[PDB]
Structure formats: structure tokens, C-alpha cells
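End of the sequence shown sits at 476 in PDB author numbering; the numbers just go up one at a time, nothing left out.
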Amino acid sequence: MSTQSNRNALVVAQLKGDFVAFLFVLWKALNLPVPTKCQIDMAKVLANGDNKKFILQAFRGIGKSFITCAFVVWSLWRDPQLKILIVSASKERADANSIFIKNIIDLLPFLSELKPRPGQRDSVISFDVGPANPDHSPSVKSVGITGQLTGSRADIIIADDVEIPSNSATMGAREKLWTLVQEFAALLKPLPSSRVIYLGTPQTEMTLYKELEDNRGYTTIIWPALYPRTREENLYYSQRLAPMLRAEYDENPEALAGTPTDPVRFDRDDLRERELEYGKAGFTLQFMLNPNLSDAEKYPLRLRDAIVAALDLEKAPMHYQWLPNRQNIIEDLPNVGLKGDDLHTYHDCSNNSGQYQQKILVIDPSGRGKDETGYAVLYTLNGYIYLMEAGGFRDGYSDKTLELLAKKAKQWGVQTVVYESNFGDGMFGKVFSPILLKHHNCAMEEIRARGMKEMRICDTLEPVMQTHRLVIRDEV
């Protein structure tokens with residue numbers, strides 16, 4: 001039984017965390033820690049099974065240390081007779097983190113508890129020093145670069161409040177070899193958990209903004225905000241109000257500038273928007289009167305010009321069908337025509353309508369977002385399905401367009417979007433286009449349209465951005 005349970009905890013961190021990690025209360029004695037949805041999400045994200053490198057952009061006044069401690073415990077307690085853990089921090093701050101990890105360890109049952117060799121010996125700063133084997137060492141990040149290089153067979157690095165470590169560039173550079181091509185690859189094959197976990201609240205457009213952006217440009221992990229603490233979701237009268245009054249009360253007895261600083265994890269010197277306002281201000285449009293359908297013609301088709309079309313179909317009322325047509329001929333890609341409509345009550349008459357614009361633009365190849373309606377419209381305008389249109393782009397034969405499976409396509413599609421629009425490789429003419437960009441901002445860990453706005457136009461340009469990366473696109 002013991003072997004099965006130990007192994008169970010070993011590869012199911014959530015179960016280990018919910019069952020064995022305790023706090024010792026004064027009224028109820030040793031009780032189970034009541035994990036929160038954000039903490040549970042964070043535990044899953046930090047595991048050998050998933051990635052290796054994780055970065056959290058969290059707000060302040062979230063009991064993050066409670067989870068970070070449970071993870072670090074779980075790591076050392078279930079390591080394959082191996083592994084050194086070190087943290088980078090300017091304090092005593094890293095000592096506080098390991099204290100909590102020790103608070104977790106000390107409450108474990110015998111069978112899950114490895115024997116303790118060292119434990120804050122000599123009033124440090126360290127547990128399980130020397131072969132035993134796993135260890136956790138609290139370190140100042142200000143010293144290390146020294147701490148990173150000096151470590152012998154490092155397995156995990158946790159970096160507390162990474163955004164508030166001054167002169168981090170050298171310490172960060174020291175980290176690169178430890179993770180990036182890389183003893184990390186070699187240790188991961190051995191099943192060496194560890195790994196690099198960074199968690200902290202943002203601090204302007206420093207080094208961390210670069211880390212978060214590079215991560216978010218590729219993935220959408222991870223960020224929780226004041227609302228993650230569900231206790232805030234109930235007012236004084238003990239009625240659910242979706243943190244309406246707690247937020248009001250917290251805004252008062254303080255400041256709005258302090259509330260974004262403390263409970264929002266927003267970066268200072270910038271809005272959320274994917275496209276910088278510095279660029280959104282320069283963007284001019286071309287006003288045009290659309291057809292009976294939702295077609296806006298910016299520049300008419302020309303013979304011997306190559307066009308590309310992207311289509312983000314509308315799953316329901318809610319939003320619109322968005323078809324951009326982009327002149328691909330020259331070095332600078334211009335948007336020459338857009339179809340924007342929510343009048344398509346029929347799942348059914350769009351393929352023909354779209355086709356005449358695709359045909360109008362020199363048999364324009366089209367890359368359709370494979371959503372429920374997408375897959376759909378795919379078939380009707382397929383070379384084989386109904387309209388026999390031979391210029392429908394597909395990443396596979398099962399998938400007659402852009403498969404939206406796996407997060408990455410949208411991520412890099414947004415990342416390439418940003419580049420294309422900002423470096424002025426792609427020129428947008430549609431008014432409603434740029435207005436959607438105005439509100440297509442951070443929805444950590446991705447981007448979306450804020451309350452009461454549509455992102456249909458922007459999202460179908462994201463498909464173009466993703467398509468932009470593709471080798472086949474390098475001359476459709």
C-alpha cells in the first residue's frame with residue numbers, strides 16, 4: 001500500500017498537496033491546507049510532465065508562498081535520490097520561502113518524509129545539505145551571479161520577486177547556461193526534476209517585462225489576480241457580489257494607482273494592448289462604403305498581384321465573420337479588402353459570398369480558422385466539398401485550414417501580428433480594424449477584447465500572422 005501511495009504522491013502533485021500538506025491550526029490542530037484554484041493551476045504548471053521552465057506574473061497579497069512551498073517540498077521529497085534546489089532573492093526573503101517549505105515538510109507523515117540531514121544548521125539558510133540527497137538553499141540573488149555558477153549539480157532554481165532584483169542582467173546571464181542548451185536537457189532525460197520557476201509581481205518595463213513578453217509571445221502561463229482569493233467575492237453582508245465592494249473598499253482607504261500596483265499585476269509604463277498606442281496613434285484608415293454584404297474594398301484587384309485571405313467565422317450571435325484580403329505582392333503587405341458581418345444567420349450562404357471576393361482577387365487562396373463554423377465553411381469552399389474552390393489553405397488533409405488546437409498558434413500569431421503591424425510590413429486600412437486593436441489587450445496569459453468589444457477582425461489577422469510564419473506562405 002505504502003509504495004503505491006508514495007508513488008501516487010510522487011506523480012500527482014495536486015493529490016499530494018491536498019492530502020498531506022498541513023498548517024497546524026490553534027483551534028483544530030493539524031489540518032489540511034485548503035488549496036485555491038490559482039494555486040492548483042500553478043502546481044500543475046510546475047511539473048516535469050509539463051514543461052520545465054515556468055514564469056508567474058502574480059499580484060501581491062496572494063498567498064503564493066503557500067503553493068511555492070508545497071511545490072519545493074514535493075520536489076525534494078520525491079526526487080530520484082537526487083537534487084539541489086536554490087532560490088535567488090535579495091533577502092532573508094529566500095530564507096522565508098524555505099521556512100514555509102520546512103513548515104510543509106515538518107507536517108508530512110513518516111513515509112513521505114525523507115530523513116533530515118541538515119536543517120537550518122548554523123542559523124542558515126539551508127536544508128538537506130550534502131548528499132542525502134536533495135537540498136534547498138536560500139540565497140541572495142544580488143551576490144549570485146556567484147550563487148548560480150558556484151552551485152554543484154543544481155537541479156532547480158526558484159526566483160522570488162524576480163521583478164524587484166536590481167542588476168539582475170548578470171545573474172540572468174549566469175542562469176542561461178544552467179537551463180538553455182543546457183545541463184537542463186541532460187538532467188531532464190535522467191528525470192531530474194528541475195527546472196526554473198519564476199514568480200513575482202511586475203515592476204514597470206524592466207528585465208521581467210522582457211521575460212514575461214517572451215514567454216507570453218510563445219505561451220500563456222501564468223497569472224492570477226486579487227479575484228483568485230474567492231473570499232473577496234463576498235461582501236460585508238456575506239452575499240456574492242463578484243468582488244464589487246471589496247474592490248471599492250480596497251480602492252478607497254488607498255489609491256487606484258496602488259490597487260494596480262498591489263492587486264492587478266499590470267505593467268506600469270504601458271497599456272495592455274498587443275499593438276503599442278505609440279503605433280495605434282500613427283495608423284490612418286481609408287473610409288469606404290461597404291456592399292450589400294459586409295465587404296469593404298480599399299484597393300481594387302489588379303492583374304498579376306498576389307493576394308491572401310484569412311477568415312475567422314463567427315460561432316454565434318456574440319460576434320462577426322471577419323475576412324481580410326491582403327496584397328502580398330510587394331515587400332510591404334497591404335490589406336485591400338475586408339468582409340465584416342453578423343447578418344449571416346445561415347451557417348450556409350457565406351461560402352459563396354466569400355468565394356466571389358476570393359475569385360475577384362485573382363483566385364485568392366484563403367486560410368480559414370477551423371472553429372465549429374470554420375471547419376464548416378471549409379468544406380463548402382473546399383476543392384472537393386461543394387464549391388470546388390482549389391485555393392483553400394490547409395495545414396493537413398483532415399484540417400482544411402488553421403487548426404486552433406494548442407494555444408501556440410494564437411500566441412505566435414499575435415506575436416507575428418505585432419511585428420508585422422509595428423515594423424510596417426503589414427498596412428491596415430480598415431477603420432474598424434485598428435479600432436479593434438485599440439481594445440485588443442492583455443488577457444493574461446493571452447490577448448482578447450475587453451468588456452463590450454469585439455476581436456473578430458483582429459483575431460482573423462492573427463491567422464494571417466501565424467500563416468506569415470509558414471513556409472508555404474513564402475509565396476502564395
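By construction, the Cβ of each residue, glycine as well, lies at the ideal position given by its N, Cα and C atoms.
Contact between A296 and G258 fails: their C-beta atoms lie close to 44 Å from each other, not under 8 Å.
Check the Cα spacing between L333 and each of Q321, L437, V162, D305: the tightest is with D305. For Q81, the CB contacts under 6 Å within the same chain, skipping 5 residues up- and downstream, are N133 in chain order.
According to the DSSP assignment, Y209 belongs to the alpha helix (DSSP H) that extends over 207-216.
Taking a cut-off of 8 Å on C-beta distances, the stretch 274-289 touches the stretch 410-426, as three or more cross pairs fall below it. Listed as beta-bridge partners of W322 by DSSP are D312, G340. Beta-bridge partners of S88 (DSSP): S139, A159. Contact between the stretch 37-44 and the stretch 110-118 is not established, with fewer than three Cβ pairs separated by less than 8 Å.
Between the C-alpha atoms of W77 and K370 there is a straight-line separation of about 44 Å. Rounded to whole angstroms, the separation of the alpha carbons of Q358 and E211 is 41 Å. DSSP places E297 inside the beta strand (DSSP E), whose first and last residues are 295-297.
Looking at the backbone, the Cα of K37 and that of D18 are separated by about 12 Å.
Selection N351, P365, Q286, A242 evaluated against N325 yields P365 as nearest (Cα-Cα). For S168, the three-state secondary structure derived from DSSP is helix. Rounded to the nearest angstrom, the gap between the Cα atoms of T68 and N51 is 17 Å. Between the beta-carbon of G392 and that of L381 there is about 6 Å, and that keeps the pair under the 8 Å contact cut.
Note: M427 is bridge-paired with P334 in the DSSP secondary-structure output. Within the same chain, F59, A225, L226 come within 8 Å of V264 by CB-CB distance, once the 5 residues on both sides are set aside.
CA-to-CA, the gap between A154 and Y299 works out to about 59 Å. If you look at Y375, you'll find it in the alpha helix (DSSP H) that goes 372-380. The criterion of a C-beta distance shorter than 8 Å is not satisfied by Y218 and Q57. The beta carbon of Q203 sits closer than 6 Å to those of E163, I164, all from its chain and outside the five residues before and after it, given in chain order.
Inclusion of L241 and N234 in the CB contact set at 8 Å is warranted, their separation being smaller than that value. Nearest to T373 by C-alpha distance, out of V464, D395, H319, is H319. With a beta-carbon spacing of about 4 Å, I55 and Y198 fall inside the 8 Å limit used to define contacts. Annotated as proximal: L32 and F22, with beta-carbon spacing under 8 Å. Selection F24, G49, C442 evaluated against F100 yields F24 as nearest (Cα-Cα).
Note that the stretch 142-160 touches the stretch 81-90; at least 3 beta-carbon pairs, one per stretch, sit closer than 8 Å. Around the beta carbon of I363, fewer than 16 other beta carbons sit within 10 angstroms, so the residue counts as exposed.
When DSSP reads this structure, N441 sits in a beta bridge with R448. Between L461 and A310, the gap from beta carbon to beta carbon is short of 8 Å. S238 and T261 have their alpha carbons spaced roughly 27 Å apart. The distance from the Cβ of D135 to that of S126 is about 7 Å, consistent with a contact at the 8 Å cut-off. In the DSSP assignment, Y356 falls outside any beta strand (DSSP E) and within the unbroken alpha helix (DSSP H) covering 350-360. In the assembly as shown, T401 is a buried residue. Its beta-carbon has 16 or more other beta-carbons within 10 Å. Collapsing the DSSP output to three states places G130 in coil.
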